[PDB]
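Chemist: build me a model:
(one chain, ligands or ions: 1)
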Amino acid sequence: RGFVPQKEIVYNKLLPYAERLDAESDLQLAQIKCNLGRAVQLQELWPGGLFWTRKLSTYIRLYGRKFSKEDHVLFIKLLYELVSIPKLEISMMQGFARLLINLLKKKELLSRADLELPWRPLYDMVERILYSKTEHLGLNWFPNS
Ligand SMILES: O=P(O)(O)O[C@H]1[C@@H](OP(=O)(O)O)[C@@H](OP(=O)(O)O)[C@@H](OP(=O)(O)O)[C@@H](OP(=O)(O)O)[C@H]1OP(=O)(O)O
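Modeler: Residues are numbered from 1 along each chain as shown. Next up is the structure itself:
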C-alpha cells in the first residue's frame, strides 16, 4: 500500500472482516496526523490535542504500531516536545507520557540512527516532580502515579 507498516497486530489479519480493516487503518491514521498537527499549530491543546492523542493511543491498541518509520519518529518527536514543555500541567503531561512510552516501548523498531532524543529536558521534569520544593508546602498538588 502507501506505507510499509511497522509492528501491525497479527490477530487483525485473522479476523473475518480483515479485508475492510486496511482501509479504516489508513483513514484513521490520516485524520490523526492532520488533526493532531493542526491542533498543536493552532495551540488548542485541551479541546483537540488531547482528543487526538487519545485517538492515536486507541489506534495502537486496535491496529498495533501500523505506521511508517518516518511517521513513528515524527509522532515520537512531537510527543517528546509536548512532554518537555516547561510549565505544562502535570496531569496533561501524564497523558502525553503514556502515549510516548507506548511508541518507544518496542526498541527493535527504531535503530538509534532513526531517533536521537535529548536528555536535559527530561532531567528538568524529574527535578520538578521527584524533588519539588513547592510540594512539601502543599503549593504543587501533583498526581499520585
Ligand atoms: O500475544 P499477546 O497475548 O497479544 O501479547 C502480546 C505479547 O505479550 P506476551 O507475548 O509477552 O504475552 C507481546 O510481547 P512479545 O511479543 O514481546 O513477547 C507484547 O508485549 P511487550 O510489549 O511486553 O512485548 C504485546 O503487548 P502490548 O499490547 O503492550 O504491545 C502483547 O500483549 P497484549 O496482550 O497487551 O497485546
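Chemist: contact partners for residue 77?
Modeler: Under the criterion of Cβ atoms under 8 Å, 6 or more residues apart in numbering, the contact list for residue 77 reads 115, 117. Every C-beta, even on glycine, is put in place using the N, C-alpha and C of the backbone.
Chemist: and for the one 10 residues further on?
Modeler: In this structure, residue 87 makes contact with no residue, judged by Cβ under 8 Å, 6+ apart.
Chemist: helix or strand right after the lengthiest helix in the chain?
Modeler: Counting residues, the longest helix found in the chain (DSSP state H) is helix 18-42. The first helix or strand that comes after helix 18-42 along the chain, using DSSP states H and E, is helix 50-63.
Chemist: what's in contact with stretch 100-120?
Modeler: Looking at stretch 100-120 with Cβ under 8 Å, 6+ apart, the contacting residues turn out to be 6-7, 57, 60, 65, 69, 72-73, 75-77, 79-80, 83.
Chemist: if you set the cut-off to 7 Å instead, what comes out?
Modeler: 6-7, 57, 60, 65, 69, 72-73, 75-76, 79-80, 83 (Cβ atoms under 7 Å, 6 or more residues apart in numbering).
Chemist: now that we have those, which of them are buried?
Modeler: Among the contacts of stretch 100-120, those scoring as buried are 6, 60, 65, 69, 72-73, 75-76, 79-80, 83 (criterion: 16 or more other Cβ atoms under 10 Å).
Chemist: hmm, residue 12 and residue 18 touching each other?
Modeler: Yes - here residue 18 reaches residue 12: they are 6.4 Å apart, a contact under Cβ atoms under 7 Å.
Chemist: residue nearest the middle of the protein, spatially speaking?
Modeler: Most central in the chain under Cα atoms, centre = their mean is residue 99, positioned 3.6 Å from the mean C-alpha point.
Chemist: just give the nearest non-adjacent residue to residue 129, would you?
Modeler: Nearest residue to residue 129, sequence neighbours excluded (Cβ to Cβ, 6 or more residues apart in numbering): residue 142, at 6.0 Å.
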